[PDB]
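Worksheet: the structure to be examined is printed underneath.
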Amino acid sequence: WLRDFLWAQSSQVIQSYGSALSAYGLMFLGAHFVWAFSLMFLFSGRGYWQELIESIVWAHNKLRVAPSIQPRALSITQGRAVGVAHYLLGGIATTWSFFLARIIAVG
Amino acid sequence: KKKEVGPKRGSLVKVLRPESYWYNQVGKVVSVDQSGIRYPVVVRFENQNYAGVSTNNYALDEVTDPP
Amino acid sequence: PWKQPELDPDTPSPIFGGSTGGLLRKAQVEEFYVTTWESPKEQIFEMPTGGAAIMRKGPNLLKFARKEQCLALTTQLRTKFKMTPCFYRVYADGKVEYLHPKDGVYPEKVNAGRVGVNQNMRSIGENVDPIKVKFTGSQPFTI
Amino acid sequence: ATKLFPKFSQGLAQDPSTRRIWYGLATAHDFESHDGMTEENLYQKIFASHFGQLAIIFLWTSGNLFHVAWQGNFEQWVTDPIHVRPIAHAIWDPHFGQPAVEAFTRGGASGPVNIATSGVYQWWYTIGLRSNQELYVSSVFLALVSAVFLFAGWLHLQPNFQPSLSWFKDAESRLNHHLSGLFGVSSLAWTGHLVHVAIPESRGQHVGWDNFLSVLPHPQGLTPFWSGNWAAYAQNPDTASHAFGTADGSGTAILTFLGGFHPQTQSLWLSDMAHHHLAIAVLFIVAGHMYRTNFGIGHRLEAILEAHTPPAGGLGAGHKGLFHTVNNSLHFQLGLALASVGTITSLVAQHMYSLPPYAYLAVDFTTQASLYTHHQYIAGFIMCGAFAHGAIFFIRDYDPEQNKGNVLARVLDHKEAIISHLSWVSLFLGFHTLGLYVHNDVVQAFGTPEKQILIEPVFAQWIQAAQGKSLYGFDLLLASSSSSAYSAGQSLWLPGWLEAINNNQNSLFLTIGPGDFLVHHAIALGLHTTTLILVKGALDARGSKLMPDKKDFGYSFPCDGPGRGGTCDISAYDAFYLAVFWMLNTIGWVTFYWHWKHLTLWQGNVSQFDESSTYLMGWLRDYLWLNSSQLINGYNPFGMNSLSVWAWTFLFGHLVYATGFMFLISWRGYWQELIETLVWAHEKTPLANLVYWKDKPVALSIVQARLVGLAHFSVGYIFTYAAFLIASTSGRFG
Amino acid sequence: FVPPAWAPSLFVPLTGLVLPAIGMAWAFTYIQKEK
Amino acid sequence: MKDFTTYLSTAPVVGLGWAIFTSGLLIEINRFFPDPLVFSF
Amino acid sequence: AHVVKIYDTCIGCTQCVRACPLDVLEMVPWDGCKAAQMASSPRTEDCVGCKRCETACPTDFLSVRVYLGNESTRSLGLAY
Amino acid sequence: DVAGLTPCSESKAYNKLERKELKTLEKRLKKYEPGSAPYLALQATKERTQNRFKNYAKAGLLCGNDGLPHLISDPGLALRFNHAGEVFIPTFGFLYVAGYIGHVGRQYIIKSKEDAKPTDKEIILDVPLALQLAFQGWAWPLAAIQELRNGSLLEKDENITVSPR
Ligand code: CLA
Ligand code: CLA
Ligand code: CLA
Ligand code: CLA
Ligand code: CLA
Ligand SMILES: CC1=C(C/C=C(\C)CCC[C@H](C)CCC[C@H](C)CCCC(C)C)C(=O)c2ccccc2C1=O
Ligand code: SF4
Ligand code: SF4
């Protein structure tokens with residue numbers, strides 16, 4: 001599956017640049033990006049980002065641009081939801097782009 | 001007793017407590033207890049903390065004027 | 001309260017079938033908890049170890065393996081029907097310990113008869129740094 | 001209860017759970033948290049542990065020498081260092097099949113062997129080892145040294161031999177001795193060995209212990225040294241047409257300044273390295289008697305620390321009080337040592353590939369790639385360890401009343417400004433690097449690649465033109481003879497260095513383009529972000545706004561619960577464990593850049609890297625897909641080539657990566673409830689409830705879960721990249 | 001000096017089967033050691 | 001009217017208006033100035 | 001087991017005891033607060049460290065603090 | 001001719017890339033009749049490509065060994081070789097626009113705080129006030145440095161929310 005299915009295919013996706021299928025390659029890269037970006041919400045927690053937001057609050061308070069609405073880190077349930085949503089979207093769009101580019105170029 | 005043990009009610013105060021969420025922040029005095037408790041100064045704050053509350057009790061030595 | 005009540009194993013259990021999340025081998029190796037209440041009528045309640053049971057009109061006795069289950073049942077009975085139950089802890093050798101109503105007035109009240117222990121008389125944030133208490137076995141919050 | 005396995009923790013002994021095992025292993029060498037532990041006992045345990053680690057290191061290198069001598073081809077590689085590959089160790093696996101045994105017979109061996117990529121063959125050829133008997137006696141001597149060190153640790157652990165507290169706290173004498181003896185006379189003896197052995201062995205003369213005290217290293221015979229005519233040593237250097245194994249084109253020179261590379265072997269000259277180590281030894285000895293010992297002369301650390309305070313309140317109290325802070329807190333010294341050693345091995349990685357010190361090392365591409373990757377990963381790991389132990393210092397042993405108004409109190413006072421500025425520069429670098437990469441990918445996708453933004457790295461090109469590279473043109477120093485830098489040293493090291501730097505074949509100051517510029521900015525983003533995470537963990541270690549009392553909860557605590565909105569991953573340990581991910585990504589970036597640039601250089605298609613590293617389709621396709629064709633074909637239904645083990649461990653690394661995802665995504669409640677259901681299943685079954693567990697099975701701790709996920713993640717990362725790198729560099733080269 | 005040819009046939013099963021087995025046996029007795 | 005105006009005065013609606021305004025401005029600039037890279041008056 | 005420490009900033013609002021799922025805290029008479037109540041932990045050996053009392057504390061920072069360490073059968077919430 | 005690079009007009013790989021792009025556009029164009037909308041679309045694409053390739057040349061852009069133009073970022077070097085319009089002028093323009101955004105946001109933050117429930121004004125924007133501050137931000141650096149001069153741009157460390165040490 002690693003070589004005769006994933007490496008034997010997906011050559012159409014990576015060689016689609018300069019053709020009408022290049023949007024599939026761009027969407028493939030963006031899907032890889034979103035799938036990777038989901039992992040910071042899937043991992044980690046809330047206190048780290050809360051203290052980072054506190055430091056940014058200090059920075060905006062030095063410049064007197066602190067918002068009236070207090071910025072807070074995402075909730076643990078909210079962070080899990082964001083992580084699973086971005087993870088699912090990244091994986092789904094990765095498979096979508098790879099499948100469509102492979103089945104359009106050689107099909 | 002004489003005068004009052006704390007500041008004037010309704011006046012702005014600055015919290016000097018370092019471990020409080022409202023350190024170096026301006027709050028409004030709601031009421032000051034006169035029985036002699038440790039933290040009689042009830043201060044209401046415009047911005048809530050992470051727990052969602054906006055009122056806290058502070059002692060006499062941790063409140064100053066708004067600068 | 002004025003006199004600590006003694007549990008009665010002969011009190012009837014509430015009408016229930018078989019429980020899967022019931023007492024494990026820890027019940028016959030370590031302590032297990034037993035909750036008693038006084039139902040004025042028969043009604044259906046939800047156990048924390050499974051589905052639903054029906055309590056009998058009279059004394060009712062239930063057994064659990066965790067104190068959290070006993071207090072969850074106690075607060076469910078207090079919030080739903082105002083039952084005021086009480087649970088004991090029975091060890092492997094048969095020693096019975098009174099757990100929830102230590103003064104018989106519930107911990108929400110005061111009763112002016114409990115001595116406050118494990119109370120630090122300094123404000124939080126005034127504790128010493130861990131460098132001050134090093135190689136001594138005493139935590140900064142334990143002083 | 002109260003088992004005897006955690007003898008260093010009475011509280012952990014009274015834990016009727018499997019976690020007592022796990023916490024009995026992770027807290028094994030944290031002696032500061034052990035019950036009834038004094039500072040003297042902690043120092044003695046540290047000394048014994050240091051002797052144990054030294055013994056393990058010496059045993060490991062003795063085993064490397066023995067497994068190169070036995071079941072190796074050191075002599076055959078000495079005869080022909082170009083064609084035949086080094087052998088690491090023979091393979092005896094009964095699970096191997098006959099085609100697998102036949103396919104692994106390489107390098108003229110009688111059995112299955114592993115091609116060595118550690119580079120000890122080149123190093124031992126450079127230092128003068130030629131025969132297998134020399135490797136045998138070196139291995140047995142190092143085994144004796146390791147046994148001696150283990151016995152020394154045991155004896156210094158024994159009573160009436162344990163050192164005093166003031167002996168360990170004597171910072172001045174330790175500093176003077178380790179600066180003068182551990183670095184000075186060690187380097188002096190090393191360069192003496194170099195002059196006595198390696199230069200004659202590189203000039204076809206055998207120098208051994210049997211003929212020692214008989215062969216003069218220089219024909220003059222030490223008289224220019226006493227006469228002050230040290231220039232007589234640099235009289236007859238080795239010619240350009242010099243063979244390393246033979247005496248053809250040899251000379252009589254032991255210390256010189258012949259900057260550049262040996263043309264035959266593409267490595268630094270042995271005389272140059274001997275002169276370098278001699279100068280380093282002299283500089284270390286002349287600086288190794290500066291601190292105040294029991295004699296009347298020297299320098300006091302505390303006096304210089306307290307006197308160096310800027311006037312007019314520039315740094316407040318200044319550097320006062322830092323002497324007791326360093327001496328009392330061992331984690332501060334640990335962080336400083338780990339940071340310095342990490343910078344050292346980072347410099348080692350960045351200077352080996354550009355300046356190969358070992359003979360026939362640049363030709364061995366897989367060896368150089370593996371060495372650079374290993375050194376960079378170790379460097380990142382101990383960078384993170386330095387920062388983590390600095391956070392440990394800030395949590396455990398840091399008294400603000402002692403160092404009040406000093407530099408530490410100041411940087412703790414405005415920690416928000418530092419964290420905010422690092423966050424801003426991280427956001428800036430990441431936003432612009434990702435925007436540039438996505439812009440280039442979109443532009444190349446639309447069929448018109450000329451619209452992409454290629455910012456020419458003029459700063460590094462200007463530096464390299466200022467250091468001798470004439471490819472970029474310009475008229476700065478070391479390119480124009482009218483410059484004073486060109487005139488100075490015109491007949492000392494410039495003619496060799498300019499020839500070495502004007503050649504495009506070697507890795508000395510390679511051509512840097514816009515793709516190199518973009519990946520360099522990506523590296524800067526990774527370093528700045530990891531620095532931001534680590535200094536936010538260290539500065540907010542003892543307190544924050546969400547947790548002012550973070551010092552009372554120790555260094556590694558899970559959370560404070562769901563209160564105040566949620567407090568998970570708030571300890572400095574969690575900040576370190578996220579910085580491990582960011583460090584892994586950064587080292588992956590630097591190793592991807594190194595591997596792709598060097599692979600395109602070795603293949604001769606440097607233009608492919610120049611026009612392909614701009615956009616991430618080139619990174620995914622021309623590097624991660626084109627070079628992985630030989631890796632994935634290690635084993636197939638058609639057959640098997642020599643890269644079957646690399647494909648297997650590549651899939652192994654991807655699997656351990658997935659298990660890391662398992663231990664990082666899912667958290668404790670689901671597994672605890674599942675363990676409870678399994679406990680009921682084991683309790684209520686016939687023919688299996690007769691047995692029982694001595695300790696109650698419980699789910700792993702949240703900190704433990706983070707550690708296990710981090711370990712699986714890093715193991716999978718390392719194994720996957722090592723497999724890909726070695727299979728791509730060795731499957732098409734040699 | 002040079003080890004015999006049967007050394008890979010003996011030391012590898014010893015450190016792959018026998019030595020880890022006795023190590024796990026000692027560790028299992030040490031974990032469950034009670035007073 | 002004023003209730004609908006305050007609904008339009010909410011943050012997502014004015015953010016949407018800014019989004020269409022900026023996107024249309026950049027798109028019309030790119031259309032009437034096809035593919036520029038360097039500022040050359 | 002775990003360590004439950006209660007400071008003088010408590011106002012005697014009895015929210016921590018109501019939020020406690022294992023009956024660890026209690027209310028004792030006091031004179032340092034308007035409500036004349038002070039939180040106590042006479043049953044800290046039964047506390048598991050769930051930090052439910054810290055969620056219900058209305059004062060800034062925390063008038064009650066739970067420190068984990070030396071987990072036992074009762075502290076690990078084990079029915080087996 | 002800096003950094004060992006040639007101008008795009010003088011380069012050969014630039015012309016080769018332009019020829020290859022024109023060749024593939026003509027290959028795509030030859031599959032359609034001249035009286036069809038795809039023919040006009042491809043002709044417009046070819047005209048845009050030719051105009052872009054002409055505009056990239058004779059503008060100071062230079063390319064090295066691949067025909068892809070390169071940008072010089074160091075000021076002074078870009079000033080003495082007419083490469084300032086590559087990044088130097090656009091970076092100043094982006095700084096001007098970013099300061100416009102920052103000044104407008106700062107003015108809206110300050111001007112919506114001296115009223116009851118400032119979070120309500122934050123969540124429901126005062127559209128006439130927002131547009132007025134939008135059209136009053138054309139002199140952002142003057143007002144910014146004047147606020148720096150009078151000290152109202154920065155807050156003192158006594159009124160600033162600060163984390164415990
Ligand atoms: C000729 C005039 C002169 C000058 C130029 C200096 C200048 C200096 N002296 Mg000084 N000195 C002078 C006269 C002078 N002195 C006199 C007359 C005396 C009396 C004999 C001294 C005695 C003296 C002592 C005893 C010491 C100094 C030191 C210093 C240095 C630190 C000063 C300070 O407080 O930090 C500057 C002020 C600050 C508030 C520091 C801010 C630092 C920021 C926050 C760091 C920002 C980092 C940032 C991220 C970098 C980004 C770059 C990116 C690439 C990473 C500084 C270089 C100290 C030293 O050796 O340090 C090198 C020191 O120990 N001086
Ligand atoms: C490859 C995946 C990936 C990416 C892109 C990021 C991106 C980021 N993380 Mg990281 N992170 C990841 C994985 C990733 N993370 C993982 C797996 C871990 C381990 C758990 C971490 C751990 C971690 C820590 C510990 C920290 C970060 C931080 C950051 C920021 C760094 C600042 C920067 O570079 O500028 C931003 C660069 C980016 C690429 C961000 C993406 C923004 C792009 C441009 C999209 C923006 C929206 C776009 C216009 C589309 C709009 C429409 C759309 C929303 C529908 C940034 C938000 C730091 C932080 O918060 O900064 C202060 C920080 O402290 N992360
Ligand atoms: C000079 C080197 C040095 C020294 C002397 C120490 C010493 C110490 N550190 Mg430090 N540390 C170092 C380097 C060092 N560390 C580095 C490089 C890192 C970064 C990775 C860290 C990160 C670090 C953290 C984050 C913590 C410590 C802690 C500790 C203490 C616990 C050690 C102990 O007895 O438990 C012995 C510990 C173990 C036996 C656990 C090791 C388990 C490892 C990870 C498994 C190996 C991975 C993998 C499975 C191997 C198999 C691979 C597979 C392919 C086969 C001790 C004071 C802890 C502390 O002070 O407690 C509060 C702590 O929290 N250190
Ligand atoms: C089903 C999908 C899938 C998944 C999830 C994985 C998972 C993994 N693979 Mg595998 N892979 C797969 C299929 C898959 N593989 C297939 C089918 C092939 C073809 C044979 C490969 C080929 C392959 C190679 C060749 C390598 C991996 C690696 C990895 C690891 C990722 C390392 C990481 O997290 O670093 C995070 C990612 C990075 C640090 C870089 C990402 C790659 C970019 C495009 C390079 C360009 C970066 C550059 C600096 C510019 C970007 C800057 C930024 C600011 C924009 C992980 C074990 C790598 C590994 O073992 O660890 C290094 C590795 O070397 N895989
Ligand atoms: C207009 C309001 C405003 C202002 C003046 C600032 C100013 C600042 N921020 Mg902040 N920021 C803002 C909004 C603002 N921010 C918002 C909405 C967010 C959430 C996304 C952030 C998130 C943020 C982080 C995470 C960081 C900063 C940092 C900074 C500093 C660096 C300057 C910069 O460009 O950072 C970059 C800022 C951004 C990329 C945020 C841009 C957000 C959008 C695109 C702008 C919104 C404009 C707004 C709609 C205008 C309203 C006008 C009104 C009439 C409707 C500076 C003190 C950094 C710092 O601490 O430096 C010391 C830092 O690390 N900010
Ligand atoms: C990063 C991170 C955060 C911090 C993330 C936050 C505060 C959310 C930030 C959302 C932003 C504000 C969305 C909008 C981003 C852009 C400003 C909008 C698009 C701009 C373009 C159109 C220009 C958490 O709070 C968190 C919580 C629990 C688990 C994991 C995590 C986690 O990983
Ligand atoms: S680490 Fe777990 S128990 Fe702690 S706050 Fe986060 S989700 Fe809750
Ligand atoms: S919740 Fe807090 S303030 Fe209320 S009674 Fe408990 S400790 Fe006191």
Side-chain angles (χ1 to χ4, degrees), chain D residues 425 428-429 431-433 435-436 439-440 443 450-480 482-486 509 511-518 520-521 524 610 614, chain F residues 29 33 35-41, chain H residues 1-11 13-14 52-100 102 138-142 144-145:
Chain D
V425 73
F428 184 42
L429 284 156
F431 277 152
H432 272 82
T433 325
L436 248 192
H439 176 102
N440 294 333
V443 156
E450 80 285 338
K451 328 172 49 187
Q452 79 196 9
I453 315 152
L454 292 188
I455 291 182
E456 180 86 0
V458 291
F459 297 160
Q461 286 162 359
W462 159 73
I463 285 184
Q464 293 180 5
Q467 292 184 332
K469 198 171 184 68
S470 65
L471 160 79
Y472 310 128
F474 291 151
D475 216 33
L476 294 321
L477 316 105
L478 292 204
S480 48
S482 53
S483 92
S484 65
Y486 210 116
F509 283 106
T511 307
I512 291 299
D516 315 65
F517 166 82
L518 260 171
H520 264 252
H521 273 258
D610 288 341
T614 285
Chain F
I29 281 167
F33 304 101
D35 307 356
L37 177 74
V38 50
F39 174 75
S40 300
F41 151 75
Chain H
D1 53 342
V2 316
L5 312 178
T6 71
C8 292
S9 51
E10 312 311 288
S11 161
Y14 184 80
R52 146 165 39 81
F53 267 91
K54 193 182 61 177
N55 287 332
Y56 285 179
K58 71 155 213 59
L61 279 183
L62 62 80
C63 52
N65 309 336
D66 38 44
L68 311 168
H70 284 189
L71 262 57
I72 309 301
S73 91
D74 168 67
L77 190 59
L79 294 172
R80 67 165 37 87
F81 284 100
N82 212 94
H83 301 140
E86 283 164 1
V87 282
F88 185 51
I89 294 169
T91 310
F92 265 21
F94 178 76
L95 279 196
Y96 164 80
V97 179
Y100 204 125
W138 294 98
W140 80 264
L142 301 305
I145 68 111

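Keep in mind that the numbers below use all heavy atoms, side chains included, and drop hydrogens, waters and symmetry copies. Every chain is numbered from 1, with letters handed out A, B, ... down the list of sequences.
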- salt bridge (charged side-chain N to carboxylate O under 4.0 Å, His left out) involving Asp35(F) - partner list, sequence neighbours excluded: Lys451(D), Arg52(H)
- Check: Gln467(D) side chain, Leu478(D) main-chain N or O, donor-acceptor pair, under 3.5 Å: no
- Message: Just to verify, what does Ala59(H) make a side chain to side chain contact (heavy atoms under 4.5 Å, CB included) with, not counting sequence neighbours?
- Response: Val38(F), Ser40(F)
- Is any side-chain heavy atom of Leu518(D) less than 4.5 Å from a side-chain heavy atom of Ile455(D)? no
- Item | Heavy-atom check, side chain of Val458(D) versus side chain of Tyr472(D), under 4.5 Å | no
- Only pairs at least two apart or in different chains count here, so list each side chain to side chain donor-acceptor pair (under 3.5 Å) that has a residue in residues 85-100 of chain H. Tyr100(H)-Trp138(H)
- Message: Is there a side-chain contact between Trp462(D) and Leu476(D) in this structure, where contact means two heavy atoms from C-beta onward sitting under 4.5 Å apart?
- Response: yes
- Task: Might you point out which heavy atoms bring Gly85(H) and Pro90(H) nearest each other, and give the distance in Å?
- Result: O-CD, 3.6 Å
- Query: Do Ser480(D) and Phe474(D) come close enough that some side-chain heavy atom pair is under 4.5 Å?
  - Reply: no
- Side-chain contact, heavy-atom cut-off 4.5 Å: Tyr56(H) with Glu450(D)? yes
- Message: Just to verify, what does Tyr486(D) make a side chain to side chain contact (heavy atoms under 4.5 Å, CB included) with, not counting sequence neighbours?
- Response: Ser481(D), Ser483(D), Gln490(D), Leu498(D)
- Without swapping roles, check the side chain of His83(H) against the backbone of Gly60(H) for a donor-acceptor pair under 3.5 Å. yes
- Item | Donor-acceptor under 3.5 Å (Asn440(D) side chain, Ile453(D) main chain) | yes
- Item | All side chain to side chain contact (heavy atoms under 4.5 Å, CB included) counterparts of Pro7(H), not counting sequence neighbours | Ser9(H), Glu10(H)
- For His432(D), enumerate each residue passing the ring pair (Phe, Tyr, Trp, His ring centres under 6.0 Å) test, keeping only those at least two apart in sequence or located in another chain. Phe428(D)
